[PDB]
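We begin with a single chain expressed as structure tokens, specifically the form deposited in one PDB entry.
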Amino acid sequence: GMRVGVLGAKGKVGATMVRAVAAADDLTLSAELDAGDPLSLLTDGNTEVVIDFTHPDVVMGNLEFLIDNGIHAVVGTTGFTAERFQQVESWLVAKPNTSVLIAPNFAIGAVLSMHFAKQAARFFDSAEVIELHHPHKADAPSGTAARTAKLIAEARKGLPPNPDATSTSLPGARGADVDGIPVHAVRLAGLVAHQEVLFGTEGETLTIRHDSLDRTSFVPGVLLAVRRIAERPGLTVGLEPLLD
């Protein structure tokens, strides 16, 4: 059984992961840190892997310590840039046996969904994204939808644009344009989080739908990442490569 530490243990996600690690028989909780706890608590407790959902301003310092001490890191904290990835990559040159996974989404369905979308995108004339959320959601479209449409568009570099004969419309009917890909945002009481990618070509359509029916649906992807992170030395960006 692996020894797992949690950074950000009192936060919304951290406290959830503490409970998840305690429930899982194969993972033993080795340390549980929040703000102001020294990172040496992780080595004092023989931690092998850490789950980090902290804050963009502290995650770089934490990562330096972790990599330095041979502690694998599963990181959900956001605010990662190209420069930050570089820096992490450089720290790992010194520590070739250490694995760091930095991912913006740990829901397995969402991760598979994005990957399927990217793989299918080149074979169809048309692609559109539809996302549906509860009406308390502030941003339209969602981050996941906009990220998905950007991947689709990138996979479609050098294909013709979506065919569209629209010559009379009310404004807004055709959705938002995200790198040439229409994205539609439905806001409906009674929903949680849902996303459909639609692909079409004469004669056939393909749809990939992800439905998240509770806020904690990301937990198994984080546990999966903890159980597998050591299979890939160095930096992995996104959960997809651990899934393979």
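Just so we're on the same page, rigid core means the largest C-alpha set that superposes within 1.5 Å between forms. Residues carry their position along the shown sequence, with the first being 1. Shifts are known only where both forms have a C-alpha.
Just so you know, the form deposited in another entry exists too; it's not on screen, but the next bit is about it.
Colleague: Which listed residue (39, 181, 219, 63) has a Cα shift of at least 2 Å between this form and the one not shown, rigid core superposed?
Modeller: The listed residue whose C-alpha shifts by at least 2 Å is 181.
Colleague: For residue 85, does the CA position differ by 2 Å or more between this form and the one not shown when the superposition is done on the rigid core?
Modeller: No, shifts by less than 2 Å.
Colleague: Would you tell me if residue 72 moves between this form and the one not shown by 2 Å or more at its C-alpha, with the rigid core held superposed?
Modeller: Shift at residue 72: below 2 Å after core fit.
Colleague: C-alpha of residue 48: shift of 2 angstroms or more between this form and the one not shown, rigid core aligned?
Modeller: No: residue 48 shifts by under 2 Å between this form and the one not shown.
Colleague: Could you tell me whether residue 80 and residue 196 have their C-alpha atoms closer or farther apart in the other entry than in the shown form, knowing the shift is 3 angstroms or more?
Modeller: Residue 80 and residue 196 sit closer together in the other entry.
Colleague: Run through the residues found in both forms and list the stretches of 3 or more in a row whose CA moves by 2 Å or more between this form and the one not shown, fitted on the rigid core.
Modeller: Moving regions between this form and the one not shown: 108-110, 112-215.
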